[PDB]
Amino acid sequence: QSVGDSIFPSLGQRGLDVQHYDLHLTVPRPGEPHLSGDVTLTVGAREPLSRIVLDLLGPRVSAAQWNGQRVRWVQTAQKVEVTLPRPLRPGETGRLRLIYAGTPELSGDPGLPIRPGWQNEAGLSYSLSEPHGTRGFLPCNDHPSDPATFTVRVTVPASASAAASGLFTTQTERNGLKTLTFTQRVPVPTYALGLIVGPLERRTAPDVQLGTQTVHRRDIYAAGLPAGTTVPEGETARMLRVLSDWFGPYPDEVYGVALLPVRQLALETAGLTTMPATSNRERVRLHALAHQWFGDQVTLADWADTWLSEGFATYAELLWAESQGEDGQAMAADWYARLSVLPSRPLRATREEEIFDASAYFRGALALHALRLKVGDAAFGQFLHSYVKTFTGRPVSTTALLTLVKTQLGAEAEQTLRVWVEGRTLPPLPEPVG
């Protein structure tokens, strides 16, 4: 019934394909968790579905409609189950509308770097929901194997502002309330949906030209940032050029950061990275930008394969470092020096405590380092382009990665990657052949 994730076995609905979220969120007091919601989901199906089963954790549904007609629905524990008048079959789409209100609940589970979900602190409310927190404020197929496009209308007090993933179009104001509209036009996972409300300011930068492609530039600056919380001029353009030369075209229409005066890890929310100031370093800004490809465009089929996101985002830091004239092998050796004193594991995680551990970041990066040094920078760069293309529109798996390596690069290259994928012991540091 559910997606059947190996880490979170109850999330999502098997065969459900949400294609667009049309969300109208109203945040009456930024900084406090209460909110109300009005969302219409455009859903398709990969198998016949008698019901639409959505994740929701906290708020209470008050009304539901299907294609504009009243429909039978029930809220059970962590799910909203909607019985359709007839099954939704592959090739068809329907519009499920849900009216809800209440307090999002955090899924803060010990073994995760955050309590994921709707965050509320210091006059700000914002989404920081990787892996399974979006269900706190949005009835959603809350699994990265079902990315979707988003249109978000955020209604906030006039004194406040709001920013969400997607290009900002309109802002209207009545009765002391402002409503802002953002359109995320390339599909991204539920947790990749950026949404921040509170005292914040929008700052545009000149367009970035990546050959034919134009990438808009916009950052968010919340009030009360520490001194020296900046995006160095020109850095994001150089990062976009260097990363897109490695991975292929940038997947989105805009990139920037939302700098927050809070103490938290950064999250690669689509086109607008949620960037607490304590994480605002060059290497994190690169990391989060790399994730726009590996995580937001190329999405995970199963939360056990987090290293496909975190390892690839981590290896981009070394590609960026080399691009800036630094020694890549020395950085790889630093990754290894930090893993040599830590427990190691195969790259496929089996427990939630492992999905964001040192192996997912650095053992995955060193896995890519072993592959790159085996096939050469030319072959490696052509494989990263192929990888992004092969898994655009299709969730990626560790198995699918190895098969693509054998396919494209050969059996020897596949076996080089596999020793890093499999095996509990940490392999020796990948070093140039010579």
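Residue numbers run from 1 along the displayed sequence. C-alpha atoms forming the largest set that superposes within 1.5 Å between two forms make up the rigid core.
Root mean square Cα distance to the shown form, taken over structures and residues in 5 other deposited structures of this protein after a core fit, is higher for 112-120 when 315-323 and 112-120 are compared. Between the stretches 229-237 and 169-177, it is 169-177 that shows the larger average CA temperature factor. The stretch with the higher mean CA B factor, choosing between 302-310 and 196-204, is 196-204. Across the residues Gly108, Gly94, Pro189, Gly364, the deposited record lists the maximum Cα B factor for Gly108. The entry assigns its greatest Cα B factor, within the set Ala316, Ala148, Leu84, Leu112, to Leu112. Sorting the modelled residues of the chain by their CA temperature factor places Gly123 in the highest third. Placement of the Cα temperature factor of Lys406 within the chain: middle third of the modelled residues, per the deposited record. Among the modelled residues of the chain, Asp219 sits in the middle third by CA temperature factor in this PDB entry. For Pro430, the recorded CA B-factor ranks within the middle third of the chain. Only modelled residues enter the ranking. Ranked by C-alpha B-factor against the other modelled residues of its chain, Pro33 falls in the middle third.
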